[PDB]
Amino acid sequence: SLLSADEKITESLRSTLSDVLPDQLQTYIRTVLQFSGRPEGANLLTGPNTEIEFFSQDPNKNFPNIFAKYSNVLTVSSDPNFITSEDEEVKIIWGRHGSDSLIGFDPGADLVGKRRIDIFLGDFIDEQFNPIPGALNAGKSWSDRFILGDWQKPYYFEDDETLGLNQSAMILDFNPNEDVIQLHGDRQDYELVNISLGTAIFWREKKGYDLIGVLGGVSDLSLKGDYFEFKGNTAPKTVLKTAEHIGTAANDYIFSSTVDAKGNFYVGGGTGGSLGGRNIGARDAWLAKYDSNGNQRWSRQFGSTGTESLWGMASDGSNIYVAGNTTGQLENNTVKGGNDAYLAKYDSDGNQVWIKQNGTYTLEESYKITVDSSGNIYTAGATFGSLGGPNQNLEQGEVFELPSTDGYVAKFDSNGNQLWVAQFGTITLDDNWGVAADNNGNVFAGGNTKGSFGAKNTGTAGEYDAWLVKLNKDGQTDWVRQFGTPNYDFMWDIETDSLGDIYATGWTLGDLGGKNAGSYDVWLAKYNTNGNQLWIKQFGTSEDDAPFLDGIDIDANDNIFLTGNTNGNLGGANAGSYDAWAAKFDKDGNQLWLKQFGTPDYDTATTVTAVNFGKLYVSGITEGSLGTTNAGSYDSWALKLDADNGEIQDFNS
Ligand SMILES: CCCC[C@@H](F)CCCC[C@H](C)Cc1cc(O)c([C@@H](CCCC)CCCC[C@H](C)Cc2cc(O)cc(O)c2)c(O)c1
Ligand SMILES: [Ca+2]
Ligand SMILES: [Ca+2]
Ligand SMILES: [Ca+2]
Ligand SMILES: [Ca+2]
Ligand SMILES: [Ca+2]
Ligand SMILES: [Ca+2]
Ligand SMILES: [Ca+2]
Ligand SMILES: [Ca+2]
Ligand SMILES: [Ca+2]
Ligand SMILES: [Ca+2]
Ligand SMILES: [Ca+2]
Ligand SMILES: [Ca+2]
Ligand SMILES: [Cl-]
Ligand SMILES: [Cl-]
Ligand SMILES: [Cl-]
Ligand SMILES: [Cl-]
Ligand SMILES: [Cl-]
Ligand SMILES: [Cl-]
Ligand SMILES: [Cl-]
Ligand SMILES: [Mg+2]
Ligand SMILES: [Mg+2]
Ligand SMILES: [Mg+2]
Ligand SMILES: [Mg+2]
Ligand SMILES: [Mg+2]
């Protein structure tokens, strides 16, 4: 019976949210939701007002740590939730700009009996907090997809004698004119109830009801509305049986790839399941080796009871170096506080040689790694602390400036000894999305900034620009460059060619290398070793086109390969939702080919690696059945392409 559902839902959500979320975070959230005009969730947080310790050096009190522990803050891009992990009872999942595919509940995780509330914000963009109107994106919003179930099962589903209040989504900014709520089954499986908070979505069967989600501030919806997408009960039909399929019942992601000197191909990423080994807890890091004929030689899985991923990998020709972040304590290491970065070394036989966990009392992230021809290793990332030197935003002064990251680069020898760490940026946000060594002892880094790092930012409201830094063999800066439009421009990855010139790829909402075709467009920029911008190419469709994650590689012939996602007809007719794409360019930016592939469901490439004089590998993630039947939520895939024309080959030969 749905009698008194309103009262029961409010008391359940209030009790769980107020029991789980720290008082500092409750105080912060209450302030934000009231200021923003999304106040429905506020009365659910009843902890006392508490001083927010934005700059505490105690890892347990440091507010960036607290906020990060209970949130997935996504990017200005159209994001899948690439950071989701079953490590907390309550999570705030914040899509920000772009058309986000928002998930927080892993249907393959053992969550029986666990309290689970995912609080979703599809947009709630940064511009809402602008004291001054007129910013280019003020008042803009995007179609976000809130994933509350799929072909396999409803999410947040306890399937018991209660109303199923212990697990539920709470979507705070659902706009039925733009957004979509994705549900398992069909409309006859649900009942909507108007409640004080908005709308309750109940799964309904003969034996009773189970609360799947609450939509704050919206009432009088219809399950016949096109803003509900029902997924039935049957896994998607398989396409691209030529691909290598990697998947478990849980969320599985390839985030990076590399090749060794013998042509063996490696992939890796994160998994909520038991992919390379038995799951240790929440998301673990994993990697796998394939021979050049496509046979898997081994898979390995590592981490902690907390959350970690492999975000980058590279080879010295034999060994495989891997980099990412962790929320826990890795083997043979000590935590530095909050989230930390790590570098690890695997030999060609899959033996873990060592792991080095590094960081400060506050949050580090690290998505990038490169290995030079001498065998030294560079990682890069961002830090809220003072890792390579004092953070540009050290403490709170008379003018408050929100705690913010600087970029860093760290150099290591083959035994994992740290040779130096460099840190740089502005008082505001500076993130890292690239690292690449040249042949002459230098290393480049790149990323995004809200500030004026290498040049005056032409945005009027702190919109992102791209930046590049050249460091010498000792970690000293030789130059800093910055480029962009007045709108958001976002870098994903960088790489050098055989001459030592530096290339970067990303997306733009403006006219960076030419007239924007619509929405997000792709760019490729080239700088010489002396910091001169040589050219920027921009291309796309009228729809949303972007590289993603490990989006560039350069082969021994100085051909450039890019990869990412598009919801347009970029390389061909779109199969449905976002598809993957890849492209090849020469060193002067002439585009040699452009291909698109995927399933009728959401796909994105995440990594591209070219074998010198061999095959091209494009790998990524999907909600569809790519290679074989989807085993649960996100699965991953690798495609072997002919590098001359982008045509897909059978993975196994
Ligand atoms: C209920 C909804 C809450 C929504 C909102 F309340 C959350 C504020 C959390 C703030 C937290 C204490 C710390 C933090 C800061 C940070 O920058 C980032 C970056 C990631 C870059 C570093 C890896 C992405 C998110 C930027 C969003 C800014 C609003 C943009 C900004 C930055 C800035 O430096 C100055 C500004 O004025 C505005 C975090 O992920 C977490
Ligand atoms: Ca986004
Ligand atoms: Ca969004
Ligand atoms: Ca939206
Ligand atoms: Ca439920
Ligand atoms: Ca783990
Ligand atoms: Ca840390
Ligand atoms: Ca900074
Ligand atoms: Ca810009
Ligand atoms: Ca476009
Ligand atoms: Ca790369
Ligand atoms: Ca697709
Ligand atoms: Ca899966
Ligand atoms: Cl971002
Ligand atoms: Cl706004
Ligand atoms: Cl109940
Ligand atoms: Cl209805
Ligand atoms: Cl099939
Ligand atoms: Cl082997
Ligand atoms: Cl600045
Ligand atoms: Mg029930
Ligand atoms: Mg296979
Ligand atoms: Mg097989
Ligand atoms: Mg201004
Ligand atoms: Mg390479």
# chains A, B, ... in the order shown; residues from 1 in each chain; ligands from 1

$ residues_near_ligand --ligand "ligand 2" --cutoff "9 Å" --atoms "only C-alpha atoms and all ligand atoms" --output "PyMOL selection string"
chain A and resi 73-81+94-101+122-123+125+144

$ write_last_selection --atoms "N, CA and C atoms" --output "compact mmCIF listing (two decimals), in the first residue's frame"
# COMPACT_ATOMS: atom_id res chain seq x y z
N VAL A 73 31.93 14.71 -9.13
CA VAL A 73 31.86 15.96 -9.87
C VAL A 73 32.37 15.68 -11.28
N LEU A 74 31.49 15.80 -12.27
CA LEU A 74 31.87 15.51 -13.64
C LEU A 74 32.38 16.79 -14.31
N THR A 75 32.49 16.79 -15.64
CA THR A 75 33.21 17.84 -16.35
C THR A 75 32.25 18.74 -17.12
N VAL A 76 32.83 19.74 -17.80
CA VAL A 76 32.05 20.60 -18.68
C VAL A 76 31.65 19.88 -19.96
N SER A 77 32.19 18.68 -20.20
CA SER A 77 31.88 17.87 -21.37
C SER A 77 30.56 17.13 -21.17
N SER A 78 30.08 16.51 -22.25
CA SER A 78 28.96 15.58 -22.15
C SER A 78 29.53 14.25 -21.66
N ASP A 79 29.33 13.97 -20.36
CA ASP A 79 30.05 12.91 -19.67
C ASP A 79 29.20 11.67 -19.47
N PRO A 80 29.76 10.48 -19.69
CA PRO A 80 29.32 9.32 -18.91
C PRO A 80 29.89 9.50 -17.50
N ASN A 81 29.31 8.81 -16.51
CA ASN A 81 29.88 8.96 -15.16
C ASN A 81 31.10 8.04 -15.04
N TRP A 94 27.09 15.04 -10.05
CA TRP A 94 26.89 16.39 -10.57
C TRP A 94 27.41 16.45 -12.01
N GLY A 95 26.48 16.51 -12.97
CA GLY A 95 26.87 16.46 -14.37
C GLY A 95 27.51 17.73 -14.90
N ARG A 96 27.10 18.89 -14.39
CA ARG A 96 27.55 20.18 -14.91
C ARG A 96 27.16 20.31 -16.39
N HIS A 97 27.91 21.10 -17.14
CA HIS A 97 27.54 21.37 -18.53
C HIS A 97 27.59 20.09 -19.35
N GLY A 98 26.95 20.14 -20.51
CA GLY A 98 26.95 19.01 -21.42
C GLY A 98 25.78 18.07 -21.18
N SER A 99 25.57 17.19 -22.16
CA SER A 99 24.48 16.22 -22.15
C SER A 99 25.01 14.96 -21.48
N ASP A 100 24.80 14.84 -20.17
CA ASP A 100 25.46 13.81 -19.40
C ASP A 100 24.62 12.54 -19.31
N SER A 101 25.31 11.41 -19.29
CA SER A 101 24.71 10.09 -19.13
C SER A 101 25.03 9.68 -17.69
N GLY A 122 21.63 17.02 -13.01
CA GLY A 122 21.97 16.87 -14.41
C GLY A 122 22.83 18.00 -14.93
N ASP A 123 22.45 19.23 -14.59
CA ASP A 123 23.20 20.41 -15.00
C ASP A 123 23.68 21.16 -13.76
N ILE A 125 24.74 24.24 -13.47
CA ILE A 125 26.06 24.62 -13.98
C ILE A 125 26.70 25.72 -13.15
N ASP A 144 20.09 15.74 -20.13
CA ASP A 144 20.80 14.74 -19.35
C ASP A 144 19.93 13.50 -19.24

$ residues_near_ligand --ligand "ligand 8" --cutoff "7 Å" --atoms "only C-alpha atoms and all ligand atoms" --output "PyMOL selection string"
chain A and resi 391-393+404-406+425-430

$ write_last_selection --atoms "N, CA, C and O atoms" --output "PDB file, in the first residue's frame"
ATOM      1  N   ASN A 391      50.726  25.711  -3.146  1.00  0.00           N
ATOM      2  CA  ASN A 391      49.584  25.902  -4.032  1.00  0.00           C
ATOM      3  C   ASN A 391      49.375  27.397  -4.261  1.00  0.00           C
ATOM      4  O   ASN A 391      49.618  28.217  -3.373  1.00  0.00           O
ATOM      5  N   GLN A 392      48.931  27.754  -5.473  1.00  0.00           N
ATOM      6  CA  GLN A 392      48.694  29.163  -5.785  1.00  0.00           C
ATOM      7  C   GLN A 392      47.612  29.759  -4.893  1.00  0.00           C
ATOM      8  O   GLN A 392      47.595  30.974  -4.671  1.00  0.00           O
ATOM      9  N   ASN A 393      46.697  28.932  -4.394  1.00  0.00           N
ATOM     10  CA  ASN A 393      45.607  29.358  -3.517  1.00  0.00           C
ATOM     11  C   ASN A 393      45.819  28.627  -2.193  1.00  0.00           C
ATOM     12  O   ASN A 393      45.340  27.509  -1.998  1.00  0.00           O
ATOM     13  N   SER A 404      41.177  25.295  -4.771  1.00  0.00           N
ATOM     14  CA  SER A 404      41.346  25.019  -6.190  1.00  0.00           C
ATOM     15  C   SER A 404      42.621  24.229  -6.451  1.00  0.00           C
ATOM     16  O   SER A 404      43.576  24.243  -5.669  1.00  0.00           O
ATOM     17  N   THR A 405      42.625  23.554  -7.591  1.00  0.00           N
ATOM     18  CA  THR A 405      43.772  22.756  -7.986  1.00  0.00           C
ATOM     19  C   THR A 405      44.822  23.563  -8.736  1.00  0.00           C
ATOM     20  O   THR A 405      44.530  24.572  -9.390  1.00  0.00           O
ATOM     21  N   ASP A 406      46.054  23.075  -8.649  1.00  0.00           N
ATOM     22  CA  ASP A 406      47.146  23.401  -9.547  1.00  0.00           C
ATOM     23  C   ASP A 406      47.500  22.130 -10.316  1.00  0.00           C
ATOM     24  O   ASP A 406      47.205  21.016  -9.877  1.00  0.00           O
ATOM     25  N   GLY A 425      50.383  26.927 -11.952  1.00  0.00           N
ATOM     26  CA  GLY A 425      49.026  27.296 -12.308  1.00  0.00           C
ATOM     27  C   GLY A 425      48.700  28.716 -11.865  1.00  0.00           C
ATOM     28  O   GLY A 425      49.579  29.570 -11.790  1.00  0.00           O
ATOM     29  N   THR A 426      47.414  28.933 -11.599  1.00  0.00           N
ATOM     30  CA  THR A 426      46.836  30.214 -11.199  1.00  0.00           C
ATOM     31  C   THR A 426      46.116  30.034  -9.866  1.00  0.00           C
ATOM     32  O   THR A 426      46.006  28.927  -9.345  1.00  0.00           O
ATOM     33  N   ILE A 427      45.587  31.137  -9.325  1.00  0.00           N
ATOM     34  CA  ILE A 427      44.825  31.056  -8.079  1.00  0.00           C
ATOM     35  C   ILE A 427      43.546  30.235  -8.222  1.00  0.00           C
ATOM     36  O   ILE A 427      42.989  29.781  -7.213  1.00  0.00           O
ATOM     37  N   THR A 428      43.049  30.047  -9.442  1.00  0.00           N
ATOM     38  CA  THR A 428      41.796  29.337  -9.639  1.00  0.00           C
ATOM     39  C   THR A 428      42.068  27.910 -10.132  1.00  0.00           C
ATOM     40  O   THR A 428      43.171  27.380  -9.958  1.00  0.00           O
ATOM     41  N   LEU A 429      41.053  27.273 -10.717  1.00  0.00           N
ATOM     42  CA  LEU A 429      41.162  25.904 -11.209  1.00  0.00           C
ATOM     43  C   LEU A 429      42.186  25.796 -12.335  1.00  0.00           C
ATOM     44  O   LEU A 429      42.090  26.495 -13.350  1.00  0.00           O
ATOM     45  N   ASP A 430      43.152  24.890 -12.155  1.00  0.00           N
ATOM     46  CA  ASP A 430      44.015  24.415 -13.234  1.00  0.00           C
ATOM     47  C   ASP A 430      44.095  22.903 -13.091  1.00  0.00           C
ATOM     48  O   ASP A 430      44.563  22.404 -12.064  1.00  0.00           O
TER      49      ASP A 430
END

$ residues_near_ligand --ligand "ligand 17" --cutoff "8 Å" --atoms "only C-alpha atoms and all ligand atoms" --output "number ranges by chain"
A: 187, 190-192, 221-224

$ residues_around --residues "residue 149 in chain A" --least-positions-apart "4" --cutoff "9 Å" --atoms "only C-alpha atoms" --output "ChimeraX atom specification"
/A:105,107,153-156,181-185,212,230-231

$ residues_around --residues "residue 490 in chain A" --least-positions-apart "4" --cutoff "10 Å" --atoms "only C-alpha atoms" --output "PyMOL selection string"
chain A and resi 75-77+433+447-449+463-467+484+505-509+522-523+546-547

$ write_last_selection --atoms "N, CA and C atoms" --output "PDB file, in the first residue's frame"
ATOM      1  N   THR A  75      32.487  16.793 -15.639  1.00  0.00           N
ATOM      2  CA  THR A  75      33.210  17.844 -16.350  1.00  0.00           C
ATOM      3  C   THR A  75      32.249  18.745 -17.119  1.00  0.00           C
ATOM      4  N   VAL A  76      32.831  19.741 -17.797  1.00  0.00           N
ATOM      5  CA  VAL A  76      32.051  20.601 -18.679  1.00  0.00           C
ATOM      6  C   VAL A  76      31.650  19.878 -19.962  1.00  0.00           C
ATOM      7  N   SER A  77      32.194  18.684 -20.201  1.00  0.00           N
ATOM      8  CA  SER A  77      31.881  17.866 -21.366  1.00  0.00           C
ATOM      9  C   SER A  77      30.556  17.134 -21.172  1.00  0.00           C
ATOM     10  N   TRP A 433      45.344  17.495 -18.205  1.00  0.00           N
ATOM     11  CA  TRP A 433      44.865  16.520 -19.181  1.00  0.00           C
ATOM     12  C   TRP A 433      45.932  16.286 -20.250  1.00  0.00           C
ATOM     13  N   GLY A 447      46.503  21.094 -20.009  1.00  0.00           N
ATOM     14  CA  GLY A 447      45.225  20.912 -19.348  1.00  0.00           C
ATOM     15  C   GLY A 447      44.321  22.106 -19.514  1.00  0.00           C
ATOM     16  N   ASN A 448      43.425  22.290 -18.549  1.00  0.00           N
ATOM     17  CA  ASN A 448      42.432  23.353 -18.576  1.00  0.00           C
ATOM     18  C   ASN A 448      42.671  24.325 -17.433  1.00  0.00           C
ATOM     19  N   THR A 449      42.269  25.578 -17.642  1.00  0.00           N
ATOM     20  CA  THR A 449      42.320  26.577 -16.585  1.00  0.00           C
ATOM     21  C   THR A 449      41.121  27.506 -16.688  1.00  0.00           C
ATOM     22  N   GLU A 463      35.370  30.989 -18.024  1.00  0.00           N
ATOM     23  CA  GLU A 463      35.262  29.800 -18.858  1.00  0.00           C
ATOM     24  C   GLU A 463      36.645  29.205 -19.121  1.00  0.00           C
ATOM     25  N   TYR A 464      36.694  27.884 -19.313  1.00  0.00           N
ATOM     26  CA  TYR A 464      37.976  27.207 -19.459  1.00  0.00           C
ATOM     27  C   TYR A 464      38.694  27.661 -20.721  1.00  0.00           C
ATOM     28  N   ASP A 465      40.015  27.737 -20.618  1.00  0.00           N
ATOM     29  CA  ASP A 465      40.932  27.725 -21.744  1.00  0.00           C
ATOM     30  C   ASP A 465      41.859  26.519 -21.612  1.00  0.00           C
ATOM     31  N   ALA A 466      42.526  26.186 -22.714  1.00  0.00           N
ATOM     32  CA  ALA A 466      43.560  25.160 -22.714  1.00  0.00           C
ATOM     33  C   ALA A 466      44.916  25.793 -22.417  1.00  0.00           C
ATOM     34  N   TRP A 467      45.779  25.042 -21.738  1.00  0.00           N
ATOM     35  CA  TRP A 467      47.142  25.489 -21.476  1.00  0.00           C
ATOM     36  C   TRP A 467      48.133  24.375 -21.799  1.00  0.00           C
ATOM     37  N   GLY A 484      42.412  29.547 -26.562  1.00  0.00           N
ATOM     38  CA  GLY A 484      40.999  29.306 -26.372  1.00  0.00           C
ATOM     39  C   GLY A 484      40.159  30.377 -27.025  1.00  0.00           C
ATOM     40  N   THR A 505      44.700  17.742 -28.181  1.00  0.00           N
ATOM     41  CA  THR A 505      43.346  17.604 -28.696  1.00  0.00           C
ATOM     42  C   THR A 505      42.318  17.855 -27.599  1.00  0.00           C
ATOM     43  N   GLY A 506      41.156  18.342 -28.013  1.00  0.00           N
ATOM     44  CA  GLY A 506      40.090  18.620 -27.075  1.00  0.00           C
ATOM     45  C   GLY A 506      38.832  19.015 -27.804  1.00  0.00           C
ATOM     46  N   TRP A 507      37.892  19.599 -27.064  1.00  0.00           N
ATOM     47  CA  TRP A 507      36.684  20.137 -27.672  1.00  0.00           C
ATOM     48  C   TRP A 507      36.552  21.631 -27.398  1.00  0.00           C
ATOM     49  N   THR A 508      35.686  22.274 -28.170  1.00  0.00           N
ATOM     50  CA  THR A 508      35.385  23.679 -27.945  1.00  0.00           C
ATOM     51  C   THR A 508      33.912  23.924 -28.217  1.00  0.00           C
ATOM     52  N   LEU A 509      33.336  24.856 -27.455  1.00  0.00           N
ATOM     53  CA  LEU A 509      32.008  25.379 -27.744  1.00  0.00           C
ATOM     54  C   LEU A 509      32.062  26.648 -28.582  1.00  0.00           C
ATOM     55  N   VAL A 522      35.458  19.225 -32.271  1.00  0.00           N
ATOM     56  CA  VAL A 522      36.804  18.721 -31.982  1.00  0.00           C
ATOM     57  C   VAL A 522      37.842  19.735 -32.444  1.00  0.00           C
ATOM     58  N   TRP A 523      38.937  19.861 -31.691  1.00  0.00           N
ATOM     59  CA  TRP A 523      40.103  20.581 -32.183  1.00  0.00           C
ATOM     60  C   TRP A 523      41.386  19.775 -31.996  1.00  0.00           C
ATOM     61  N   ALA A 546      33.413  15.256 -29.760  1.00  0.00           N
ATOM     62  CA  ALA A 546      34.540  15.545 -28.871  1.00  0.00           C
ATOM     63  C   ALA A 546      35.502  14.364 -28.831  1.00  0.00           C
ATOM     64  N   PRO A 547      36.804  14.607 -28.632  1.00  0.00           N
ATOM     65  CA  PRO A 547      37.683  13.527 -28.173  1.00  0.00           C
ATOM     66  C   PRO A 547      37.323  13.215 -26.730  1.00  0.00           C
TER      67      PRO A 547
END

$ closest_atom_pairs --of "chain A" --to "ligand 24" --cutoff "8 Å" --atoms "only C-alpha atoms and all ligand atoms" --output "CSV"
residue,atom,partner,partner_atom_place_in_ligand_line,distance
A:459,CA,ligand 24,1 (Mg),7.0
A:460,CA,ligand 24,1 (Mg),3.5
A:461,CA,ligand 24,1 (Mg),5.0
A:462,CA,ligand 24,1 (Mg),7.5

$ write_last_selection --atoms "N, CA and C atoms" --output "CSV table (one decimal), in the first residue's frame"
chain,number,residue,atom,x,y,z
A,459,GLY,N,37.5,34.8,-21.9
A,459,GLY,CA,36.1,34.6,-21.3
A,459,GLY,C,35.8,35.7,-20.3
A,460,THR,N,34.6,36.1,-20.2
A,460,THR,CA,34.2,37.1,-19.2
A,460,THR,C,33.8,36.5,-17.9
A,461,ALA,N,33.7,35.2,-17.8
A,461,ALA,CA,33.2,34.6,-16.5
A,461,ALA,C,34.0,33.3,-16.2
A,462,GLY,N,35.3,33.3,-16.5
A,462,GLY,CA,36.1,32.2,-16.0
A,462,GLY,C,35.9,30.9,-16.8

$ atom_distance --atom1 "CA of residue 269 in chain A" --atom2 "CA of residue 575 in chain A"
25.3 Å

$ closest_atom_pairs --of "chain A" --to "ligand 18" --cutoff "12 Å" --atoms "only C-alpha atoms and all ligand atoms" --output "tab-separated table"
residue	atom	partner	partner_atom_place_in_ligand_line	distance
A:234	CA	ligand 18	1 (Cl)	10.2
A:235	CA	ligand 18	1 (Cl)	8.3
A:236	CA	ligand 18	1 (Cl)	7.0
A:237	CA	ligand 18	1 (Cl)	3.8
A:238	CA	ligand 18	1 (Cl)	4.1
A:239	CA	ligand 18	1 (Cl)	7.3
A:240	CA	ligand 18	1 (Cl)	10.4
A:241	CA	ligand 18	1 (Cl)	9.6
A:599	CA	ligand 18	1 (Cl)	11.9
A:624	CA	ligand 18	1 (Cl)	10.8
A:625	CA	ligand 18	1 (Cl)	7.9
A:626	CA	ligand 18	1 (Cl)	9.8
A:627	CA	ligand 18	1 (Cl)	9.7
A:628	CA	ligand 18	1 (Cl)	7.5
A:629	CA	ligand 18	1 (Cl)	6.6
A:630	CA	ligand 18	1 (Cl)	9.7

$ closest_residue --among "A:150, A:338, A:377, A:408" --to "residue 601 in chain A" --atoms "only C-alpha atoms"
A:150

$ residues_around --residues "residue 194 in chain A" --least-positions-apart "4" --cutoff "8 Å" --atoms "only C-alpha atoms" --output "list in words"
residues 198, 199, 200, 219 and 220 of chain A

$ write_last_selection --atoms "C-alpha atoms" --output "PDB file, in the first residue's frame"
ATOM      1  CA  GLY A 198       7.812  16.367  -6.014  1.00  0.00           C
ATOM      2  CA  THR A 199       7.274  12.980  -7.697  1.00  0.00           C
ATOM      3  CA  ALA A 200       7.944   9.482  -6.377  1.00  0.00           C
ATOM      4  CA  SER A 219       4.719  17.068 -10.202  1.00  0.00           C
ATOM      5  CA  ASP A 220       1.929  15.781 -12.440  1.00  0.00           C
TER       6      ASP A 220
END

$ closest_residue --among "A:304, A:159, A:258, A:244" --to "residue 87 in chain A" --atoms "only C-alpha atoms"
A:304

$ residues_around --residues "residue 325 in chain A" --least-positions-apart "2" --cutoff "9 Å" --atoms "only C-alpha atoms" --output "list in words"
residues 307, 308, 309, 310, 311, 323, 327, 339, 340, 341, 342, 343, 357, 364, 365, 366 and 367 of chain A

$ residues_around --residues "range 271-274 of chain A" --least-positions-apart "4" --cutoff "12 Å" --atoms "only C-alpha atoms" --output "VMD selection string"
chain A and resid 82 to 87 104 to 111 246 to 255 278 to 287 299 to 303 305 to 311 621 631 to 636

$ residues_near_ligand --ligand "ligand 5" --cutoff "10 Å" --atoms "only C-alpha atoms and all ligand atoms" --output "ChimeraX atom specification"
/A:115-117,154-160,162-169,201-203,209-213
